[PDB]
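Shown next: query-v6.cif, given as mmCIF, C-alpha atoms.
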data_entry
loop_
_atom_site.label_atom_id
_atom_site.label_comp_id
_atom_site.auth_asym_id
_atom_site.auth_seq_id
_atom_site.Cartn_x
_atom_site.Cartn_y
_atom_site.Cartn_z
CA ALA A 2 128.52 105.10 87.70
CA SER A 3 125.15 106.55 88.65
CA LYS A 4 122.90 105.41 91.48
CA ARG A 5 119.51 103.91 90.71
CA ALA A 6 116.10 104.35 92.35
CA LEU A 7 112.90 102.32 92.10
CA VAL A 8 109.71 104.28 92.92
CA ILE A 9 106.71 101.97 93.29
CA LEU A 10 103.52 103.67 92.10
CA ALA A 11 100.12 102.22 93.12
CA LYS A 12 96.57 103.45 92.65
CA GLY A 13 95.78 105.99 95.36
CA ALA A 14 99.37 107.07 95.89
CA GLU A 15 99.96 110.63 97.03
CA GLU A 16 101.01 112.21 93.75
CA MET A 17 103.12 114.93 95.42
CA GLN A 18 105.07 112.20 97.23
CA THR A 19 105.65 110.44 93.93
CA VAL A 20 106.64 113.41 91.80
CA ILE A 21 108.75 115.40 94.28
CA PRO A 22 111.12 112.46 94.96
CA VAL A 23 111.27 111.40 91.31
CA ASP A 24 112.04 114.94 90.10
CA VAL A 25 114.56 115.78 92.86
CA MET A 26 116.34 112.44 92.42
CA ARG A 27 116.59 113.00 88.66
CA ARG A 28 118.01 116.48 89.36
CA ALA A 29 120.66 114.67 91.40
CA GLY A 30 121.59 112.48 88.40
CA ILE A 31 120.02 109.35 89.91
CA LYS A 32 118.53 106.98 87.31
CA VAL A 33 114.92 106.69 88.50
CA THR A 34 112.38 104.10 87.39
CA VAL A 35 108.73 104.84 88.15
CA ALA A 36 107.26 101.33 88.30
CA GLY A 37 103.55 100.62 88.23
CA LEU A 38 102.39 98.12 90.76
CA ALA A 39 99.51 97.00 88.63
CA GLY A 40 101.19 96.98 85.26
CA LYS A 41 102.30 99.51 82.56
CA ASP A 42 99.03 101.38 82.60
CA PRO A 43 98.41 104.90 83.87
CA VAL A 44 97.94 105.30 87.62
CA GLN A 45 95.18 107.35 89.21
CA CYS A 46 96.66 109.02 92.27
CA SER A 47 94.91 110.10 95.45
CA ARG A 48 93.94 113.57 94.18
CA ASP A 49 93.19 112.27 90.68
CA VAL A 50 96.47 113.23 89.00
CA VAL A 51 97.16 110.45 86.46
CA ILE A 52 100.80 109.44 86.05
CA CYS A 53 102.13 107.08 83.37
CA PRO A 54 104.80 104.77 84.84
CA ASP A 55 108.07 104.10 83.09
CA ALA A 56 107.63 100.36 83.40
CA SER A 57 105.63 97.69 85.16
CA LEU A 58 107.00 96.57 88.51
CA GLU A 59 107.51 93.10 87.02
CA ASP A 60 109.77 94.49 84.34
CA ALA A 61 111.54 96.96 86.64
CA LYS A 62 112.47 94.22 89.02
CA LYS A 63 114.33 92.39 86.23
CA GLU A 64 116.46 95.48 85.83
CA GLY A 65 117.54 95.79 89.48
CA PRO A 66 118.86 95.84 92.03
CA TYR A 67 118.42 99.44 93.01
CA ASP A 68 120.33 101.64 95.44
CA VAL A 69 117.01 102.77 96.92
CA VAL A 70 113.40 101.53 96.86
CA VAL A 71 110.96 104.38 97.46
CA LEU A 72 107.41 103.99 98.76
CA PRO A 73 105.15 107.05 98.41
CA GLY A 74 102.25 107.56 100.81
CA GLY A 75 98.57 108.17 100.38
CA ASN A 76 96.56 105.75 102.49
CA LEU A 77 95.06 103.77 99.59
CA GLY A 78 98.40 103.63 97.73
CA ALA A 79 100.13 102.42 100.89
CA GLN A 80 97.46 99.75 101.38
CA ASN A 81 97.94 98.53 97.81
CA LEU A 82 101.71 98.34 98.45
CA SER A 83 101.01 96.48 101.69
CA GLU A 84 98.82 93.91 99.98
CA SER A 85 101.24 93.12 97.17
CA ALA A 86 103.32 89.93 97.25
CA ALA A 87 105.57 91.49 94.60
CA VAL A 88 106.32 94.44 96.88
CA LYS A 89 107.00 92.03 99.75
CA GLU A 90 109.61 90.21 97.66
CA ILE A 91 111.28 93.43 96.45
CA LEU A 92 111.50 94.87 99.96
CA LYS A 93 112.73 91.60 101.49
CA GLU A 94 115.42 91.33 98.81
CA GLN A 95 116.44 94.99 99.32
CA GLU A 96 116.71 94.48 103.05
CA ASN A 97 118.64 91.25 102.53
CA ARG A 98 121.25 92.99 100.32
CA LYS A 99 121.60 95.89 102.76
CA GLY A 100 120.09 98.43 100.40
CA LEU A 101 118.27 101.63 101.36
CA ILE A 102 114.46 101.69 101.67
CA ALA A 103 112.71 105.07 101.86
CA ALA A 104 109.02 105.60 102.68
CA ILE A 105 106.87 108.68 103.33
CA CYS A 106 103.53 109.55 105.05
CA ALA A 107 101.49 106.28 105.11
CA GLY A 108 104.17 104.56 103.01
CA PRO A 109 106.05 103.23 106.06
CA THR A 110 102.99 101.16 106.99
CA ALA A 111 103.88 98.90 104.05
CA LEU A 112 107.15 98.18 105.90
CA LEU A 113 105.00 96.98 108.81
CA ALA A 114 102.84 94.83 106.55
CA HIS A 115 105.87 93.15 105.02
CA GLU A 116 107.82 92.87 108.35
CA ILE A 117 110.65 95.12 107.07
CA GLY A 118 113.04 96.98 109.31
CA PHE A 119 111.69 96.03 112.70
CA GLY A 120 113.68 97.58 115.50
CA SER A 121 114.24 100.83 113.60
CA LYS A 122 113.28 104.36 114.53
CA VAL A 123 110.68 105.61 112.06
CA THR A 124 108.34 108.47 111.42
CA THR A 125 105.07 108.62 109.50
CA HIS A 126 102.25 111.06 108.94
CA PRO A 127 100.77 111.81 112.38
CA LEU A 128 97.54 110.14 111.33
CA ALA A 129 99.41 106.92 110.37
CA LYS A 130 101.29 106.62 113.69
CA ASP A 131 98.85 104.25 115.40
CA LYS A 132 98.82 101.87 112.41
CA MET A 133 102.62 101.89 112.13
CA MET A 134 103.02 101.34 115.87
CA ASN A 135 100.68 98.33 116.13
CA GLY A 136 102.70 95.75 118.05
CA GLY A 137 105.53 98.13 119.02
CA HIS A 138 107.88 96.79 116.37
CA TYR A 139 109.41 100.23 115.62
CA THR A 140 110.28 103.26 117.80
CA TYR A 141 108.45 106.39 116.77
CA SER A 142 109.97 109.73 115.88
CA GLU A 143 108.49 113.15 115.20
CA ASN A 144 111.44 114.26 113.10
CA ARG A 145 110.45 115.50 109.67
CA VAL A 146 112.85 112.99 108.16
CA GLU A 147 114.10 110.00 110.17
CA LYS A 148 116.97 107.82 109.03
CA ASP A 149 117.99 104.78 111.07
CA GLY A 150 120.66 103.28 108.86
CA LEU A 151 118.97 101.72 105.80
CA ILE A 152 115.38 102.68 106.78
CA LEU A 153 114.59 106.31 105.82
CA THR A 154 111.12 107.67 106.61
CA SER A 155 109.25 110.96 106.46
CA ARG A 156 105.91 112.49 107.33
CA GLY A 157 103.83 114.20 104.65
CA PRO A 158 103.48 116.27 101.49
CA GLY A 159 105.24 119.16 103.22
CA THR A 160 108.29 117.03 104.13
CA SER A 161 108.71 115.61 100.63
CA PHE A 162 111.55 117.90 99.58
CA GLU A 163 113.45 117.10 102.79
CA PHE A 164 112.75 113.39 102.23
CA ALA A 165 113.97 113.50 98.63
CA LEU A 166 117.11 115.47 99.54
CA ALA A 167 117.85 112.98 102.34
CA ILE A 168 117.74 110.19 99.74
CA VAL A 169 120.06 112.23 97.49
CA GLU A 170 122.46 112.76 100.38
CA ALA A 171 122.44 109.06 101.24
CA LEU A 172 123.22 108.00 97.67
CA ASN A 173 125.29 110.88 96.21
CA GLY A 174 126.56 112.76 99.28
CA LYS A 175 125.98 116.08 101.03
CA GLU A 176 127.63 118.23 98.37
CA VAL A 177 125.32 117.00 95.60
CA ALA A 178 122.31 117.38 97.88
CA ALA A 179 123.30 121.01 98.58
CA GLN A 180 123.83 121.74 94.88
CA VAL A 181 120.43 120.26 93.95
CA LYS A 182 118.73 122.11 96.80
CA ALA A 183 119.78 125.67 95.92
CA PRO A 184 117.87 126.01 92.60
CA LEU A 185 114.70 124.69 94.25
CA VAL A 186 114.10 127.93 96.21
CA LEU A 187 113.41 126.13 99.53
CA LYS A 188 113.16 128.37 102.57
CA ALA B 2 79.08 126.63 94.65
CA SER B 3 82.70 125.56 94.24
CA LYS B 4 85.49 127.55 92.65
CA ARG B 5 87.13 126.31 89.47
CA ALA B 6 90.77 126.22 88.34
CA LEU B 7 92.34 125.69 84.92
CA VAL B 8 95.93 124.37 85.02
CA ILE B 9 97.57 124.54 81.59
CA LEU B 10 100.01 121.66 81.09
CA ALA B 11 102.62 121.87 78.29
CA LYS B 12 105.55 119.66 77.35
CA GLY B 13 108.52 120.54 79.55
CA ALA B 14 106.44 121.85 82.43
CA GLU B 15 107.91 121.51 85.91
CA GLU B 16 105.95 118.51 87.16
CA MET B 17 106.22 119.53 90.84
CA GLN B 18 104.67 122.90 89.94
CA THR B 19 101.84 121.11 88.17
CA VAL B 20 101.05 118.46 90.76
CA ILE B 21 101.48 120.45 93.98
CA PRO B 22 98.94 123.13 92.93
CA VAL B 23 96.51 120.61 91.44
CA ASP B 24 96.58 118.40 94.55
CA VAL B 25 96.42 121.25 97.10
CA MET B 26 93.60 122.96 95.19
CA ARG B 27 91.63 119.69 95.08
CA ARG B 28 92.19 119.33 98.84
CA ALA B 29 90.57 122.76 99.13
CA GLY B 30 87.47 121.54 97.23
CA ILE B 31 88.31 123.53 94.09
CA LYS B 32 87.22 121.83 90.86
CA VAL B 33 90.50 121.61 88.95
CA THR B 34 90.90 120.84 85.24
CA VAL B 35 94.36 119.82 84.07
CA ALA B 36 94.28 120.89 80.42
CA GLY B 37 96.82 119.76 77.86
CA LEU B 38 98.13 122.48 75.65
CA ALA B 39 98.80 120.13 72.81
CA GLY B 40 95.73 117.96 73.04
CA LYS B 41 94.38 115.07 75.23
CA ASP B 42 97.60 113.11 75.05
CA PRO B 43 100.04 112.44 77.88
CA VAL B 44 102.53 115.21 78.67
CA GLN B 45 106.23 114.65 79.20
CA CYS B 46 107.32 117.03 81.95
CA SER B 47 110.74 118.56 82.51
CA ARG B 48 112.10 115.69 84.64
CA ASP B 49 110.34 113.06 82.50
CA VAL B 50 107.29 112.47 84.72
CA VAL B 51 104.41 111.79 82.30
CA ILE B 52 101.02 113.22 83.31
CA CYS B 53 97.73 112.48 81.55
CA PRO B 54 95.61 115.66 81.32
CA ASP B 55 91.93 115.70 82.17
CA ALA B 56 91.05 117.37 78.89
CA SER B 57 92.53 119.21 75.95
CA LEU B 58 92.84 122.96 76.38
CA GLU B 59 90.38 123.38 73.49
CA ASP B 60 87.76 121.41 75.33
CA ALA B 61 88.52 122.92 78.75
CA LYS B 62 88.06 126.39 77.41
CA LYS B 63 84.49 125.54 76.35
CA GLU B 64 83.78 124.69 79.96
CA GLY B 65 85.00 127.98 81.47
CA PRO B 66 85.35 130.56 82.69
CA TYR B 67 87.53 129.69 85.62
CA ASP B 68 88.16 131.47 88.91
CA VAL B 69 91.90 131.01 88.37
CA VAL B 70 94.17 130.16 85.43
CA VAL B 71 97.41 128.55 86.62
CA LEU B 72 100.66 128.48 84.66
CA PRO B 73 103.33 126.07 85.94
CA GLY B 74 107.01 126.78 85.28
CA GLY B 75 109.83 124.81 83.76
CA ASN B 76 111.59 126.84 81.09
CA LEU B 77 110.48 124.72 78.12
CA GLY B 78 106.89 124.47 79.42
CA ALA B 79 106.78 128.23 79.92
CA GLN B 80 108.10 128.78 76.39
CA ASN B 81 105.41 126.51 74.96
CA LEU B 82 102.79 128.51 76.91
CA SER B 83 104.34 131.72 75.61
CA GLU B 84 104.18 130.58 72.00
CA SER B 85 100.55 129.48 72.10
CA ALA B 86 97.83 131.66 70.57
CA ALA B 87 95.28 129.63 72.55
CA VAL B 88 96.99 130.56 75.82
CA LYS B 89 97.10 134.20 74.72
CA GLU B 90 93.33 134.20 74.20
CA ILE B 91 92.60 132.45 77.52
CA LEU B 92 94.81 134.84 79.49
CA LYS B 93 93.48 137.93 77.71
CA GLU B 94 89.90 136.82 78.40
CA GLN B 95 90.73 136.06 82.07
CA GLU B 96 92.31 139.48 82.49
CA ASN B 97 89.37 141.12 80.74
CA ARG B 98 86.85 139.51 83.14
CA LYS B 99 88.92 140.44 86.18
CA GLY B 100 89.78 136.85 87.05
CA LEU B 101 92.86 135.63 88.92
CA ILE B 102 95.96 134.46 87.02
CA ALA B 103 98.64 132.55 88.93
CA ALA B 104 102.10 131.65 87.58
CA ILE B 105 105.22 130.10 89.12
CA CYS B 106 109.00 129.92 88.40
CA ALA B 107 109.39 130.60 84.62
CA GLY B 108 105.60 130.57 84.22
CA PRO B 109 105.28 134.35 84.68
CA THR B 110 107.35 134.87 81.52
CA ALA B 111 104.29 133.71 79.57
CA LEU B 112 102.49 136.75 81.04
CA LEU B 113 105.23 138.88 79.46
CA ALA B 114 104.90 137.12 76.12
CA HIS B 115 101.16 137.67 76.03
CA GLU B 116 101.32 141.27 77.46
CA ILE B 117 99.30 140.30 80.57
CA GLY B 118 99.34 142.26 83.80
CA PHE B 119 101.81 144.97 82.93
CA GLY B 120 102.33 147.36 85.79
CA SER B 121 102.10 144.63 88.43
CA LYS B 122 104.63 143.55 91.02
CA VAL B 123 105.78 140.02 90.22
CA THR B 124 108.28 137.43 91.23
CA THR B 125 109.83 134.57 89.27
CA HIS B 126 112.59 132.03 89.71
CA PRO B 127 115.81 134.03 90.19
CA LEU B 128 117.12 132.67 86.90
CA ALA B 129 113.99 133.92 85.05
CA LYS B 130 114.19 137.49 86.41
CA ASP B 131 116.09 139.01 83.48
CA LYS B 132 113.67 137.53 80.93
CA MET B 133 110.61 138.68 82.90
CA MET B 134 112.08 142.17 83.35
CA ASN B 135 112.90 142.79 79.67
CA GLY B 136 111.42 146.21 78.96
CA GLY B 137 110.64 147.05 82.61
CA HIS B 138 106.94 146.29 82.24
CA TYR B 139 106.65 144.78 85.75
CA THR B 140 108.24 145.62 89.13
CA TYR B 141 110.25 142.78 90.57
CA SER B 142 109.85 141.19 93.98
CA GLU B 143 111.88 138.64 95.90
CA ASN B 144 108.92 137.52 97.98
CA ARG B 145 108.33 133.79 97.85
CA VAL B 146 104.77 134.48 96.75
CA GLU B 147 103.78 137.87 95.31
CA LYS B 148 100.18 138.90 94.80
CA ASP B 149 99.35 142.25 93.20
CA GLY B 150 95.59 142.03 92.96
CA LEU B 151 94.70 139.53 90.19
CA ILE B 152 98.31 138.61 89.28
CA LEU B 153 99.74 136.00 91.69
CA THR B 154 103.32 134.80 91.13
CA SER B 155 105.89 132.60 92.85
CA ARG B 156 109.46 131.45 92.52
CA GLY B 157 110.27 127.74 92.33
CA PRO B 158 109.64 124.12 93.28
CA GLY B 159 110.27 124.99 96.92
CA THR B 160 107.63 127.76 96.93
CA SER B 161 104.93 125.61 95.32
CA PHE B 162 103.05 124.82 98.53
CA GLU B 163 102.99 128.52 99.47
CA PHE B 164 101.87 129.36 95.91
CA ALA B 165 99.08 126.78 95.98
CA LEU B 166 97.88 127.86 99.43
CA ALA B 167 97.87 131.51 98.29
CA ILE B 168 95.56 130.49 95.43
CA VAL B 169 93.35 128.61 97.92
CA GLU B 170 93.23 131.66 100.17
CA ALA B 171 92.34 133.93 97.26
CA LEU B 172 89.46 131.71 96.12
CA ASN B 173 88.17 130.05 99.33
CA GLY B 174 89.51 132.27 102.13
CA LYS B 175 92.10 132.11 104.90
CA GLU B 176 90.22 129.60 107.06
CA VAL B 177 90.08 126.97 104.29
CA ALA B 178 93.72 127.60 103.45
CA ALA B 179 94.67 127.01 107.11
CA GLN B 180 92.59 123.83 107.31
CA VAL B 181 94.15 122.43 104.11
CA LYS B 182 97.64 123.39 105.28
CA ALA B 183 97.68 121.54 108.62
CA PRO B 184 97.52 117.95 107.27
CA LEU B 185 100.33 118.70 104.81
CA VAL B 186 103.02 118.74 107.55
CA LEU B 187 104.63 122.00 106.32
CA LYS B 188 107.25 123.49 108.61
#
Translate the structure described by the file into structure tokens.
Amino acid sequence: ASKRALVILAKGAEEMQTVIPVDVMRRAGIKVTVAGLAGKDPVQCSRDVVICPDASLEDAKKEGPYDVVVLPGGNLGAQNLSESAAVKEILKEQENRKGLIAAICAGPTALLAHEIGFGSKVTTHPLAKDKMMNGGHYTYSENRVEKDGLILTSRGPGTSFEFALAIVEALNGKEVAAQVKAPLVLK
Amino acid sequence: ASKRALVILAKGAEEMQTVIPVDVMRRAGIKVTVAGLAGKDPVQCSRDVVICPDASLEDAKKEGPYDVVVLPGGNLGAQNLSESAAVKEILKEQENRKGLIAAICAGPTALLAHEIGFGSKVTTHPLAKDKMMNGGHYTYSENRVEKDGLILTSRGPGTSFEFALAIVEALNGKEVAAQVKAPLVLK
């Protein structure tokens, strides 16, 4: 049995924070679905890379549940995630079933918007801290990857490999994470 | 005047090595064209991320020359680059005009195939060393990024940020590279 990941891809997502986790998770033998928030259509990311999702979010949800739901960053992508009732329902359901949620950079601010994981330690991009911390519902961390049980967060493009490998470790264990890491040529 | 980059995107390319350089170069204010080897159509990368190119290679070439030509890795992507007469012509012309060529992971093996940059120090992914070194036409390096004048090479997914920032430094200078680097949250 392989583990399954849902990566929710919205217009304005940080493309590095979409592709690095998708690719590293696939290297780990996780079955990853790249789901488009807005539909099946191609998604224009924050730096204009255009990615074709595997499925619409509507369709991907019918094929769940997933062992992890992953929220990339990029401020505009994160805002689109935050404004989506469909994302609210997916995240609520994932929390309710005690499944992992992982978010990077501005992505964790969608957790705030949807009232997910309050009382957790979290990190974000430094520039997203004040937004995430509005109301004091989370405790902030400067660790490059933070994991407080089922809420896994990270900071930026440059922490994306660490973020992805932390997801791999959570789902498939330390040994698999180490095996996937070596061929990447990380320092 | 802004600097211009051509990123040549073939089926089986390493998607992290496509997106990280495109995104970081765009952050640096470089005008980047993602050109599809095979045409305008979407490209299925090595770990099944599907990227829509900006233009066909045929069309992108008419809009050159470029300050850098970038070759992502992924073994199958690199082989498709290596087998393309169009890539041969672009790389020959770039070399002839004394323009920068940058290649990562298995990407430098396309330089071998097209007889580009012989006599240079180069690096590759460790697993691509023997292929690159067939005939002893280059001198090998284990540096994470190697730059021998106009031939800039790098090793793997985990060296892609360093690779991209080395391209930025070469085109736009150290100050711009440092400014682009800080918001990435690199260690």
- Query: So what does the PyMOL selection byres ((chain B and resi 142) around 7) actually pick up in this one, as a ChimeraX atom specification?
  - Reply: /B:122-124,140-141,143-144
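Residues captured in this structure file are residues 16, 17, 20, 21, 24, 27, 48, 51, 52, 53, 156, 157, 158, 159, 160, 185, 186 and 187 of chain B, according to the PyMOL selection byres ((chain B) within 7 of (chain A)).
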Output the selection as an mmCIF file, in the frame of the given file - C-alpha atoms for each residue.
data_model
loop_
_atom_site.group_PDB
_atom_site.id
_atom_site.type_symbol
_atom_site.label_atom_id
_atom_site.label_comp_id
_atom_site.auth_asym_id
_atom_site.auth_seq_id
_atom_site.Cartn_x
_atom_site.Cartn_y
_atom_site.Cartn_z
ATOM 1 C CA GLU B 16 105.950 118.510 87.160
ATOM 2 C CA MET B 17 106.220 119.530 90.840
ATOM 3 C CA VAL B 20 101.050 118.460 90.760
ATOM 4 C CA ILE B 21 101.480 120.450 93.980
ATOM 5 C CA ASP B 24 96.580 118.400 94.550
ATOM 6 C CA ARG B 27 91.630 119.690 95.080
ATOM 7 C CA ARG B 48 112.100 115.690 84.640
ATOM 8 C CA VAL B 51 104.410 111.790 82.300
ATOM 9 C CA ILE B 52 101.020 113.220 83.310
ATOM 10 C CA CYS B 53 97.730 112.480 81.550
ATOM 11 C CA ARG B 156 109.460 131.450 92.520
ATOM 12 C CA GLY B 157 110.270 127.740 92.330
ATOM 13 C CA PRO B 158 109.640 124.120 93.280
ATOM 14 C CA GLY B 159 110.270 124.990 96.920
ATOM 15 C CA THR B 160 107.630 127.760 96.930
ATOM 16 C CA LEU B 185 100.330 118.700 104.810
ATOM 17 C CA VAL B 186 103.020 118.740 107.550
ATOM 18 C CA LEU B 187 104.630 122.000 106.320
#
- Item | Target residues per the PyMOL selection byres ((chain B and resi 120) around 10), formatted as a ChimeraX atom specification | /B:117-119,121-123,137-140,149
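Atom pair CA of residue 107 in chain B / CA of residue 32 in chain B: separated by 24.6 Å.
Between CA of residue 100 in chain A and CA of residue 168 in chain A the interatomic distance comes to 12.0 Å.
When only C-alpha atoms are used to compute distances to residue 172 in chain A, the closest of the residues A:97, A:153, A:68, A:38 turns out to be A:68.
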